[PDB]
Amino acid sequence: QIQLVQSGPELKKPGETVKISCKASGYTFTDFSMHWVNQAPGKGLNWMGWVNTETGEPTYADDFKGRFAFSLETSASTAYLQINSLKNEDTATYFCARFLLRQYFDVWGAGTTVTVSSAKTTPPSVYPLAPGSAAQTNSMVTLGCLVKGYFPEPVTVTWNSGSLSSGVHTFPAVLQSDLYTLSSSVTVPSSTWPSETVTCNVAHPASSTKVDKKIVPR
Amino acid sequence: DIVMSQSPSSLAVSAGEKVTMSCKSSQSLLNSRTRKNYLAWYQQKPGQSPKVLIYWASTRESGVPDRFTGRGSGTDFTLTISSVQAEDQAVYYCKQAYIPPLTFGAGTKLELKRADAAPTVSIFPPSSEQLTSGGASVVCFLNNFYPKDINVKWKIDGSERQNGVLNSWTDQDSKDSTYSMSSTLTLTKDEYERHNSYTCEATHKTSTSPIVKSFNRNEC
């Protein structure tokens with residue numbers, strides 16, 4: 001199969017440099033051009049340009065001339081994108097994609113999110129959300145997990161190591177004063193909790209935080 | 001640069017209905033050598049990379065259902081989706097590769113309509129753990145409702161509290177087309193223990209009166 005694997009999320013301060021990678025497999029790397037497309041949070045797709053995988057020569061769209069550089073490591077079938085003198089506006093997700101003669105991208109990397117910020121990395125505090133000790137109980141019960149005060153994104157939140165997948169809602173993190181806050185809820189039959197344990201597993205890669213918070217009755 | 005103009009910016013239809021979106025290019029995308037229009041359509045779901053649906057203006061990529069149909073030549077193009085389902089919720093982009101730089105349209109966001117649904121509201125007092133430090137966050141989940149338009153008001157001892165609240169909405173559900181939202185009111189431990197009644201009121205068109213969930217501290 002054909003696949004493009006991009007490097008992990010990057011946190012950089014303004015004025016710094018970042019270099020991300022896109023590893024290709026399943027096809028002859030040098031037989032197809034590699035293109036780069038970026039996307040600012042909540043906005044549209046922007047074509048940055050492409051690299052000739054045979055020649056190595058890059059061509060940039062006007063909006064990306066100057067600070068951007070496409071390079072290759074042919075032997076490792078990998079394409080790179082380096083951005084110089086980062087600006088807060090460079091905060092976005094960068095995708096690599098293989099271009100076909102039929103003029104379309106048939107395969108894309110999952111994208112690499114780079115956030116440019118002066119904010120300092122900080123681990124989240126994880127709090128269990130259980131119904132009040134004096135609240136009415138129904139047929140179903142909803143539990144929660146509050147992941148507060150961390151930076152930067154992302155954080156992963158699952159329930160019972162993933163075994164509990166239905167009835168789950170994880171709300172998009174919101175930024176406030178250099179810190180993100182996110183929450184997640186799970187709804188299970190009242191006959192399953194608290195008799196059966198329910199725990200939220202949260203991880204914040206940037207701070208190597210990993211906590212498995214069991215939700216217990218108050 | 002060739003400008004791609006997509007319309008409408010957003011579409012809302014019920015499951016099973018047909019939808020058509022337009023993409024107009026600032027100049028013909030017809031290649032005389034191949035006799036093909038270099039126009040492609042891509043579908044991008046929340047948190048995912050785009051995926052091609054149509055290329056050469058009307059050729060379906062292998063794996064794409066017949067219900068997705070691309071039409072057009074020159075400057076006028078369209079993408080039509082029949083038997084629309086929640087699974088189709090995404091932003092659709094057209095892209096020309098006739099003359100560099102390749103350019104994308106602004107996209108058309110497809111959202112689904114469905115029966116109105118009242119939110120299931122749950123309120124959660126601050127956790128013992130959070131209290132141990134100097135904080136206190138009260139959380140209310142408003143789950144599986146429709147439409148997306150909803151208002152949450154926080155009250156402490158009966159009076160509205162506007163500062164310190166953070167709200168977040170999920171993307172439309174990929175299966176049942178509902179929305180969910182979380183509202184978090186953060187206060188200091190002192191403020192929290194200085195008052196007794198905490199309630200979040202949800203105002204939604206599904207009810208003439210707001211849904212109220214509350215708890216009293218001294219009852220904990």
Side-chain angles (χ1 to χ4, degrees), chain A residues 1-4 26-27 32 35 37 39 44-45 95 97-111 165-166, chain B residues 4-25 29 34-74 76-97 102 104-115 146 170-179:
Chain A
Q1 267 253 304
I2 298 163
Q3 153 177 72
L4 261 32
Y27 71 97
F32 304 90
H35 297 220
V37 172
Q39 179 169 47
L45 300 172
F95 304 94
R98 186 179 76 158
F99 193 60
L100 298 183
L101 252 17
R102 286 176 159 61
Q103 304 305 102
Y104 71 94
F105 303 120
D106 69 332
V107 62
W108 301 64
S165 56
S166 63
Chain B
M4 302 305 289
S5 298
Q6 281 185 264
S7 61
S9 55
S10 65
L11 290 153
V13 298
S14 296
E17 315 192 324
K18 177 193 288 286
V19 75
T20 301
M21 53 185 82
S22 307
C23 171
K24 257 59 65 61
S25 59
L29 309 182
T34 58
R35 313 199 180 194
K36 289 294 190 178
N37 294 79
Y38 294 169
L39 185 288
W41 288 90
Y42 299 85
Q43 176 191 240
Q44 183 181 42
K45 293 179 176 178
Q48 283 182 38
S49 58
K51 283 180 171 51
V52 70
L53 297 172
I54 306 289
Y55 61 90
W56 279 352
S58 57
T59 302
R60 302 188 179 74
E61 174 72 331
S62 57
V64 181
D66 276 353
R67 62 203 190 79
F68 287 94
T69 303
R71 299 190 176 75
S73 181
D76 295 353
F77 303 93
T78 62
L79 171 66
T80 299
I81 309 177
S82 59
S83 296
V84 168
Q85 28 218 127
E87 168 197 352
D88 301 328
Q89 290 163 188
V91 176
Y92 296 78
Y93 298 90
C94 58
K95 183 215 63 187
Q96 67 80 27
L102 314 201
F104 292 87
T108 293
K109 187 182 186 301
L110 179 59
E111 314 182 279
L112 267 81
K113 305 208 308 169
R114 54 150 289 146
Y146 185 94
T170 58
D171 294 304
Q172 182 164 41
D173 191 78
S174 64
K175 182 61 66 178
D176 70 14
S177 304
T178 60
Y179 293 85

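Every chain is numbered from 1 and lettered A, B, ... according to where its sequence line falls, protein lines coming before strand lines.
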Closest approach of [X] and [Y], non-hydrogen atoms and distance?
X	Y	value
B/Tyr93	B/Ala106	CE2-O, 3.6 Å
A/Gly109	B/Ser49	O-CB, 3.3 Å
B/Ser83	B/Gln85	O-OE1, 2.7 Å
B/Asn37	B/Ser73	OD1-OG, 3.1 Å
B/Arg114	B/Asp176	NH1-O, 2.9 Å
B/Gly107	B/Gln6	N-OE1, 2.8 Å

Can you sort out the partners of B/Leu112 under side chain to side chain contact (heavy atoms under 4.5 Å, CB included), two or more places apart, ordered by chain and number?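 Checked B/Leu112 against side chain to side chain contact (heavy atoms under 4.5 Å, CB included); matches are B/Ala15, B/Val84, B/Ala86, B/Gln89, B/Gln172, B/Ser177.
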All side chain to side chain contact (heavy atoms under 4.5 Å, CB included) counterparts of A/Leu100, not counting sequence neighbours: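 Partners of A/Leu100 by the side chain to side chain contact (heavy atoms under 4.5 Å, CB included) criterion, ordered by chain and then number, come out as A/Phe32, A/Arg98, A/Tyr104, A/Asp106.
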B/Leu110 and B/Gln43: CA distance, side-chain angles, deciding distance, side-chain contact (heavy atoms from CB on, under 4.5 Å) verdict: CA-CA 10 Å; B/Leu110 179 59; B/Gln43 176 191 240; over 6 Å; no
Checking the side chain of [X] only, and the main-chain atoms of [Y] only, is there a donor and an acceptor separated by less than 3.5 Å?
X	Y	result
A/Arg102	B/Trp56	no
A/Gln103	B/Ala97	yes
B/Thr78	B/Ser22	no

Within a strict 4.5 Å, meaning less than it, do heavy atoms of the [X] and [Y] side chains meet?
X	Y	result
B/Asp171	B/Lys45	no
B/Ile81	B/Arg67	yes
B/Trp41	B/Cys23	yes
B/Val52	B/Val64	no
B/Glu17	B/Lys113	no
B/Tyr92	B/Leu11	no
B/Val13	B/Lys18	no
B/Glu61	B/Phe68	no

Test side-chain contact (heavy atoms from CB on, under 4.5 Å) on A/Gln1 and A/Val107 and set out the steps. CA-CA 11 Å; A/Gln1 267 253 304; A/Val107 62; over 6 Å; no
Go through B/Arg60 and B/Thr69 one step at a time and tell me if the side-chain contact (heavy atoms from CB on, under 4.5 Å) criterion holds. CA-CA 7 Å; B/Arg60 302 188 179 74; B/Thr69 303; 2.9 Å; yes
Between B/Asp173 and B/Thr178, do the side chains contain a donor N or O and an acceptor N or O under 3.5 Å apart?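 Distance-only check fails for B/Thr178 and B/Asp173.
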From [X] [atom1] over to [Y] [atom2], what is the distance, rounded to the nearest 0.5 angstrom?
X	Y	atom1	atom2	value
B/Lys95	A/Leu45	NZ	CG	10.0 Å
B/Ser9	B/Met21	OG	CE	11.5 Å
B/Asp76	B/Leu29	CG	CG	10.0 Å
A/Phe95	B/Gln44	CZ	CD	5.5 Å

Starting from the C-alpha separation in whole Å, work towards a yes-or-no answer on side-chain contact (heavy atoms from CB on, under 4.5 Å) for B/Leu39 and B/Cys94. CA-CA 7 Å; B/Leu39 185 288; B/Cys94 58; 4.1 Å; yes
How are the rings of B/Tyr42 and A/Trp108 set to each other: parallel, tilted or perpendicular (split at 30° and 60°)?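 If you compare the ring of B/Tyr42 with that of A/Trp108, the planes turn out perpendicular.
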